[PDB]
């Protein structure tokens, strides 16, 4: 849900150590750029997303 | 998470540090030594007097 | 059962006699425990062993029968107990029914 | 004086408890077996039962059990127990008993009233421990003597 | 399940360290008892080894 | 029928590895298999304390 | 020495005021608060008999 001048927070999942993707939001494309880090667990109890 | 550090052997003075996991929040660690003994293995042989 | 509650009925050289069922003992290796009887059949609770012996006792005459039939014990599930436990998860099984239906 | 040592169990009563393997099914039993400890060498176990021993409802060889509230008694030579072979009861004191049992995988204490037969079987391993470096199963007639640990035959 | 799952500092110390993997289970319907599961005694297993 | 329940295994994690300390009360089957096209299953009867990596 | 408790009365543990054949549950109430006691054995062995 969008307000007029607010800021929308999304959650995503990746395998990229330097992820960079164009985020489509309803008309337009915004670029999301960052640096991901290794997680803390070796073996988890749910499959891959 | 195996974290190794080194503390100087001096009482009274607080020793501070943190642990920076690469994608998480920094975890602060504080150690303040109070009293540091040194107890030898002591073996009585004899007593004496007047 | 012949009506009469917990009794054994047996032929003795022609003359059919009877005794109570708590006078009849049986054992494979350890002593067993009789639950009930109905006609020619009996429902016991025996541990495993390589024979089965039934015996009762008259006033001074002891009667017995031992046959070499393997009596066996069967656990349920993936743990091989020899005596059933005091607690644990409930599981489906297939046992002899107590009633004579 | 033994009464100064039995004086603790004058304060208590026997009770009924749950035995998952009774004479017919799973009942509430006067002779529920709380524990079996068998850590001595030459065949001595130590049962902790739900009944009590050496007291009347002091008497020498009796078992004092509970029966739906009403506390009754029998002599101790009416009680038998077994593991795979028959055991042999030595004596009792309060909630405890000292048998001389062979090895097996369960304990079955049982006694018999006028017609009702009471029992309790629990899946507790009873183990037999030899002394030294010659593995026997019944202790021998003769040999040499070694320092062992057995359960004591007296309350103290 | 190994040596020293029970650690008392002296013989009459009145403070013991216990790490025995004790877990409580759910009792049977219509029965008053405390069911539990735990790893067996490591002093006995050390005597067996 | 009431069936027994084995002690909880002590799972130690590593990089692409699971270790298992297994203290059984009475003999117990450990049945493992991979969730891939080759399952490589392992039907074993463990009766003693044993570590399985 | 060691003084046991039945009320706010520090009495000697080897000298009970009562016995078990007199009171059904007051010796029991005396052994209630006196579990954590290094003279529980003295208290009990003196407190059963007359």
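Should a chain be cited, it is by its letter among A, B, C, D, E, F and G, assigned in written order, with residues numbered from 1 in that chain.
Rule of thumb we're sticking to: a contact is a pair of C-beta atoms (placed from the backbone, for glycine too) under 8 Å apart; a residue touches a chain by one contact, two chains touch by 3 or more.
Taking the definition of touch as given, a chain qualifies here only if it contacts subunit B and subunit D alike; none does. Nearest to the common centre of all protein CA atoms is the CA centroid of chain E. The centroid of the Cα atoms in subunit A and the matching centroid in subunit B are 44 Å apart.
Each chain gets a centre from the mean of its Cα atoms; for subunit B and subunit C, those two points are 71 Å apart. Mean C-alpha positions place subunit C and subunit F at a centre distance of 38 Å. Multi-chain contact residues, meaning those touching two or more other chains, do not occur anywhere in subunit G.
Residue numbers of subunit B whose C-beta contacts span two or more other chains: none are found.
Going by the touch rule set out above, the chain pairs that meet are A-B, A-F, C-D, C-E, C-F, D-E, D-G, E-F.
Taken together, the subunit D residues at the contact with subunit E in this complex read 18. On the side of subunit G, the complex with subunit D involves touching residues 20, 27-28, 44-45, 48-49.
Touching subunit F in their complex are the following residues of subunit A: 41-43.
In the complex of the two chains, the subunit F residues touching subunit C come out as 1-6, 24, 26-29, 31, 45.
Of all residues in subunit A, those touching subunit B in their complex are 36-40.
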